[PDB]
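Chains A and A', in that order, are what the protein sequence lines are. A prime marks a further copy of an entry chain. Going by the deposited numbering, the letters in the first sequence line up with residues 5 to 241, 242A, 243 to 453, in that order. Going by the deposited numbering, the letters in the second sequence line up with residues 5 to 241, 242A, 243 to 453, in that order.
2 protein chains.
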Amino acid sequence: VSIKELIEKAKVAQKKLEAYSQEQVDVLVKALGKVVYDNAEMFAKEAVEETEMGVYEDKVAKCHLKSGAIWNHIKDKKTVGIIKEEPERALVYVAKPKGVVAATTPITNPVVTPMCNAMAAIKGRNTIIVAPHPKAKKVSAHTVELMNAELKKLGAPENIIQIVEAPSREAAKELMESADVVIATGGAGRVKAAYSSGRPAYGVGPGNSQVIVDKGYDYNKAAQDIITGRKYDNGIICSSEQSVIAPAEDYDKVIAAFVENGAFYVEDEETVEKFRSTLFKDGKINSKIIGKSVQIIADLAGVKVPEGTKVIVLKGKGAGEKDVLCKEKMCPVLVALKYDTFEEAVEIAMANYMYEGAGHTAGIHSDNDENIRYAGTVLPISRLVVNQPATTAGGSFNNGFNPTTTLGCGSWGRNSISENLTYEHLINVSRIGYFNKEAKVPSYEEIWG
Amino acid sequence: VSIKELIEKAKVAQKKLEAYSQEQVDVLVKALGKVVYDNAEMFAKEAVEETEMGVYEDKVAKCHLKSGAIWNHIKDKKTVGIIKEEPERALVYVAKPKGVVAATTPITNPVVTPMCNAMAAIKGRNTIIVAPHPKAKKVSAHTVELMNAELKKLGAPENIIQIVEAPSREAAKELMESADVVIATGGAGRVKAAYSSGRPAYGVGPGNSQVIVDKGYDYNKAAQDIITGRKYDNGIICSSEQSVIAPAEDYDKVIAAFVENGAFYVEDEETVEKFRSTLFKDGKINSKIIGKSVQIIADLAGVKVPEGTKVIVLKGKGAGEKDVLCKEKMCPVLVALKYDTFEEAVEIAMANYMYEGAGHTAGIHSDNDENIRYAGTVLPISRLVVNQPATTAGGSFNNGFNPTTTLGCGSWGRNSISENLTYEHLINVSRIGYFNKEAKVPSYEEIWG
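In structure tokens, the structure reads:
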């Protein structure tokens, strides 16, 4: 099945799907997330043992959280036909499909990403063609199979969800250039290909979530939240915490709070280098430790780490490019940096985002809202996460971030949107704009007064 | 001055401009539009006589309308720092610059487009580098010169607005690939280059505004509005009317209303072909008649057209690809098509958008709001214009369309947005997202009930 065949099958199905009503669309979208929720144990076991990375229980919770939070958010959203009337502007808003969606899915979330993109596309009467990551093509195609089985039970049009099993680089390039809109969730090489296809694209970016712990905050609570997000799925989540920027006044208190909650702190220079020379090879992350457990990393580094350790905290030689450990670490390892005062703490996180990860996510644990707002104003980020694990940046029942699996990084990460990808970005919103007669034309003084 | 120098000067100026407040930004933006308003007579005379297309008085009104309507819309908009608080979602919205903007400007609007893009960029503390069309580089650089003169009077940072005078295709390609965000207002070749640069881009599309006149409407009013938009600037406006889809019941009444208001109607097959073989060469528009007067087109066609004629109405052989006249005509010429009933009138316009211009603008003249809403729901357009000239789709004091010079065509025209380009698209909007504790976690029945 060539790409031109997949595109033609998707365009035919979309024209059939365009005749669907708001209710008939929502029926299909709800079942897409429910089948991922009901088969979470099977998908998580296959994804972990095929991609050779991640934690089984964490992917089960990921399938449960993503599928439920997405449908809970989009169940009452109007995305078909006329959706909003603004008489004060003499405007009527109409929601129209964009057409055929091409979605390249990653290896880290090979189940919830094909689900999220398909739910967001079908929500706006669009069809989707999935191109999975090669090391995850089996579990990603199995998710599409279980989703298409439920769509067939509901009499949905065939081929509204398609899969490109094992495509070449030219095939994925042929797919993105042929589709009406592109979604690229993965490495910077796949994202740059999306914005080079001559088509409007939605991409992601490399993460590097910096975490500021403010003076006086509950260090035990901050430690628990940061450890929970760092070890989540063995640390392959893009928004996962990467550093702990702690005040030098209470530095021993912050570290002891991490050690109390299952962290192994390393201060010795030679011992940290045993981890640094293992995690990074010529400034690049070692692919053999991506998504691996703490004991796997500890054995390869030759350092004794006690059993039950959740994360590894390493004292960094400095901020920014003073230490390769300040880059994105796709493994349960945190770099520890001390700061003098808050503006410098913002500067320390600023230098790490210039090193890698600008435009993604940051985390802060503080009761000082003047400090939280100052951090949110200066840092080059799309999402600031306050007093909770940074891994919740993709949507939670306790925060206001839009649930998604595609976190846009804005212009910093070379993306079109600096927000979470939802149904909104997969529909064209038009305007009917009437002739407002009651409005008075401003004069020269009324314009430039 | 190489492109790498222009980028470095723009990045330095943007970091200086980022320190500006909301008030200090609005001061610069107001002066950018005012200097184009105050020098409209000089800019319009130079643009007409350099690009060899358009009408002098129409470009004066264009400079007056665009500059005033844009500032009147963005004067009170918050685009610096924290701009919105949503306590019901525990969200705080922050507006951040995207960086350096690369804007390729067209030959048809070489004055208001460099102004609009610069006003929208500086509104969000961004800097802009303008790459003008070769046949309009003198008047486009003169606009940048007069704008930078006013910025210098106000002590603004130098080089927040730059110009690439006469760049090669490789130079414009080097500029778009180097900037943080791209704006491409021009032909489909320049737009496709923007979305192929590996950067997030905002483009336009070829227009082909179809106009439906409903049964029973004021045919004299519809004729006046359609003629006004067709002859505007000798018909080079992208949203300008291209056809008159009239009911066959009152076809003679609609045509007589056009003739009464200064139109020359042609019904003879051989005489229409004299125009068709002149307007189009092998299906492509003849560049010698783009933006030219009615008498210029009439002389080249060898057809006697009376003096004082405003537009030329040509009876088409059929809808869609049955007549090359149903394509975009960048000249004061309309194609006339009769329809049986309203659903077919929507189908006739549908076939012309499939031929050319899908995703742009349509016009309708009707008192039946059920028909207006049916047309707005089905037609593949970003803007429907009701009971007024379609050239007002770029913003008017009597409609709710956002004032702009960059009209996005959505996924149909291979653009990222299906709306008018404003300050909103040139800023990154981030979220601070607090931890909502009062929210209750839904259970299985509460999620999938």
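From the three backbone atoms N, C-alpha and C, an ideal C-beta is built for every residue, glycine too.
Closest by C-alpha distance to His429 (chain A'), when choosing among A':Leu32, A':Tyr255, A':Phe439, A':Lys127: Ranking the options by Cα distance to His429 (chain A'), first place goes to A':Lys127.
With DSSP as the reference, please indicate the residues paired to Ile133 (chain A) in a beta bridge. Paired residues: A:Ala106, A:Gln166.
Please state whether DSSP places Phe405 (chain A') in a helix, a strand or coil. DSSP places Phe405 (chain A') in coil when its eight states are reduced to three.
Can you find a CB in chain A' that lies within less than 8 Å of the CB of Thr381 (chain A)? So yes, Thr381 (chain A) belongs to the interface.
Do you know offhand how far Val186 (chain A)'s Cα is from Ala14 (chain A)'s? A straight line joining the alpha-carbon of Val186 (chain A) with that of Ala14 (chain A) spans about 14 Å.
Strictly under 8 Å for the Cβ-Cβ distance: is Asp184 (chain A) near chain A' by that measure? At a cut-off of 8 Å between beta-carbon atoms, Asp184 (chain A) makes contact with chain A'.
How big is the Cα-Cα spacing for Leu411 (chain A) and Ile301 (chain A)? Cα atoms of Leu411 (chain A) and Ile301 (chain A): separation of roughly 28 Å, rounded to the nearest angstrom.
Determine the DSSP secondary structure at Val185 (chain A), reduced to helix, strand or coil. DSSP, read as helix, strand or coil, puts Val185 (chain A) in strand.
Quickly, what does DSSP pair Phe284 (chain A') with across the bridge? List them, please. BP columns for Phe284 (chain A') point to A':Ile289.
Proximity below 8 Å, CB of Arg387 (chain A') to CB of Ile86 (chain A): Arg387 (chain A') is not a Cβ neighbour of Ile86 (chain A), given a cutoff of 8 Å.
In the DSSP assignment, what are the bridge partners of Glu89 (chain A)? A:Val96.
Does the CB of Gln246 (chain A) have a neighbour CB from chain A' at under 8 Å? False, the Cβ-Cβ gap to chain A' never drops below 8 Å.
Apart from the five residues on each side of it in sequence, which residues of its chain come closer than 6 Å, Cβ to Cβ, to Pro136 (chain A')? Once the five neighbours on either side are set aside, the close Cβ partners of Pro136 (chain A') are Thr109, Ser144.
Using a Cβ-Cβ cut-off of 7 Å (strictly less than) and excluding sequence neighbours within five positions of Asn43 (chain A'), which residues of its own chain qualify? Cβ within range, chain order: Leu150.
For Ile216 (chain A) versus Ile165 (chain A), is the C-beta spacing smaller than 8 Å? Cβ atoms of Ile216 (chain A) and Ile165 (chain A): not closer than 8 Å.
Beta strand (DSSP E) containing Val195 (chain A'): first to last residue? Here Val195 (chain A') belongs to no beta strand (DSSP E); instead the alpha helix (DSSP H) covers 192-198.
Could you check which residue in A:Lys308, A:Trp416, A:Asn113 has the C-alpha nearest to that of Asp62 (chain A)? Ranked by Cα distance from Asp62 (chain A), the first of A:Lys308, A:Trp416, A:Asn113 is A:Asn113.
Whole-angstrom Cβ separation of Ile249 (chain A') and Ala397 (chain A'), contact assumed at under 8 Å? About 17 Å separates the two Cβ atoms, so there is no contact after all.
Taking CB distances under 8 Å as the criterion, tell me whether residue 466 (chain A') reaches chain A. Outside the displayed range of chain A' (5 to 453) lies residue 466 (chain A'), so it cannot be described from this structure.
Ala323 (chain A) to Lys141 (chain A'), Cα distance in whole Å? Whole-angstrom Cα-Cα distance: 46 Å.
Give the residues of chain A in contact with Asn375 (chain A'), contact being defined as C-beta atoms less than 7 Å apart. Those within 7 Å of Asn375 (chain A') in chain A number zero; the least Cβ separation is about 12 Å.
Can you give the Cα-Cα distance for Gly233 (chain A) and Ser200 (chain A'), rounded to whole angstroms? So the two alpha carbons sit approximately 36 Å from each other.
Can you give, in chain order, each stretch of the alpha helix (DSSP H) that sits fully within the stretch 10-43 of chain A and has at least 4 residues? Runs of the alpha helix (DSSP H) inside the stretch 10-43 of chain A: 26-42.
Taking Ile385 (chain A) as the query, report the chain A' residues whose CB atoms sit under 8 Å from its CB, ordered along the chain. Simply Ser434.
Can you find a C-beta in chain A that's less than 8 Å from the C-beta of residue 4 (chain A')? No statement about residue 4 (chain A') is possible, as the shown extent of chain A' runs from 5 to 453 and does not include it.
Could you tell me which residues DSSP puts in a beta bridge with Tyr269 (chain A')? For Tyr269 (chain A'), which the question treats as bridged, DSSP gives the partners A':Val317.
Collapsed DSSP secondary structure at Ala443 (chain A') in the structure displayed: It is coil, neither helix nor strand.
How is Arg387 (chain A) classed by DSSP in three states: helix, strand or coil? DSSP places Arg387 (chain A) in strand when its eight states are reduced to three.
Going by CA-CA distance only, name the one from A:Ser415, A:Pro393, A:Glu423 that's closest to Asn406 (chain A). Looking only at A:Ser415, A:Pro393, A:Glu423, the smallest Cα-Cα distance to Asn406 (chain A) is reached by A:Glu423.
Name the one or two DSSP bridge partners that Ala250 (chain A) has. In the DSSP output, where bridge partners are listed per residue, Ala250 (chain A) has A:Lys342.
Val5 (chain A) and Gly380 (chain A') - do their beta-carbons sit closer together than 8 Å? No, the Cβ-Cβ distance between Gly380 (chain A') and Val5 (chain A) is not below 8 Å.
For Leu283 (chain A') versus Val337 (chain A'), is the C-beta distance shorter than 8 Å? Closer than 8 Å, so yes.
Among A:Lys156, A:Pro138, A:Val40, A:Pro384, nearest to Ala366 (chain A) - alpha-carbon criterion: Looking at the Cα atoms, A:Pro384 is the closest of the given residues.
Between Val29 (chain A') and chain A, is the shortest Cβ-Cβ distance under 8 Å, so that the two count as touching? So no, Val29 (chain A') is outside the interface.
So is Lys288 (chain A') in contact with chain A if we call contact Cβ pairs under 8 Å? In terms of beta-carbon proximity, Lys288 (chain A') stays away from the interface with chain A, with every pair separated by 8 Å or more.
For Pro91 (chain A), is the classification buried or exposed, using 16 other Cβ atoms within 10 angstroms of its Cβ as the cut-off for buried? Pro91 (chain A) comes out exposed.
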